[PDB]
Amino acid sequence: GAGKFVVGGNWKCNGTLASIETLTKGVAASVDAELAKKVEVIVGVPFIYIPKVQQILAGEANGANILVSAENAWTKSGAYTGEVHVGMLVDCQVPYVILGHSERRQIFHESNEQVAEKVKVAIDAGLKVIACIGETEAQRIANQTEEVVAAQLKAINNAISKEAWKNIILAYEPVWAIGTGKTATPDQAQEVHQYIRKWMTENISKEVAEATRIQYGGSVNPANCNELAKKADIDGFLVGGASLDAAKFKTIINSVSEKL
């Protein structure tokens, strides 16, 4: 893609005030002004720790180079005990939100349409979004990779305007490579990213397709980030476990070099 390389660190349900202070300081320290010009860096933080991370970044020399993202959001205010609304994120000056992550689609049964509604409400409120898509092991075995991803994308596109895509980062999760014993190769990852690019080109426009960053959201570590970054349609990463270690995350952020 033609978009600026973007690396997000999804901390998932991990962290303590102490570990997060060390991590946040390490992440900010790794992205100075010069590097920030070539890579957008985002950290996905558990709701309760967002204020702490914001506080830490405020005191860091490179704090402005690290953007805070929530890991989910709800779209209805009122009688929904336990949920954090999109509006609360905006109220708290959180610029990003990760939506439709495979863990929420599977464990919390978020459907294509429910994810699309979240994306729609989030963007309408001004949030930028990392929208997660991807097929399961069963779906890939059934050779439904393209059909499944297309359906996920269509649900999202049907809900928003062409202009709304300007805030969207897509993250491809090869769910079929998650605890299955099957690892996605750069070639396999690129094959799906290429088709996502094609889907956007066919249904929206070539311009939107090329402008939209498609992050690879499979297993990313310091040992495979460069090989993956070499792929034409991988415009960044949504890192899992490795994002909890500032040193590992640093190596991944720097793999943007493969694009220069």
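Numbers for residues come from their place in the sequence shown, where the first is 1.
- Mean C-alpha B-factor is higher over 155-163 than over the other stretch, the pair under comparison being 124-132 and 155-163.
- Stretches compared: 94-102, 146-154. Higher mean C-alpha B-factor in the entry: 146-154.
- Out of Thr251, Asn10, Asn14, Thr22, it is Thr22 whose C-alpha atom has the highest B-factor in the PDB entry.
- Between the residues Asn226, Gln54, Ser69, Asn203, the entry's highest C-alpha temperature factor is the one at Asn203.
- In the PDB entry, a CA B factor belonging to the middle third of its chain's modelled residues is recorded for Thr212.
- Ranked by C-alpha B-factor against the other modelled residues of its chain, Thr185 falls in the highest third.
- For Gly179, the recorded CA B-factor ranks within the highest third of the chain. Only modelled residues enter the ranking.
- When the modelled residues of the chain are ordered by C-alpha B-factor, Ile234 sits in the lowest third.
- When the modelled residues of the chain are ordered by C-alpha B-factor, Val41 sits in the lowest third.
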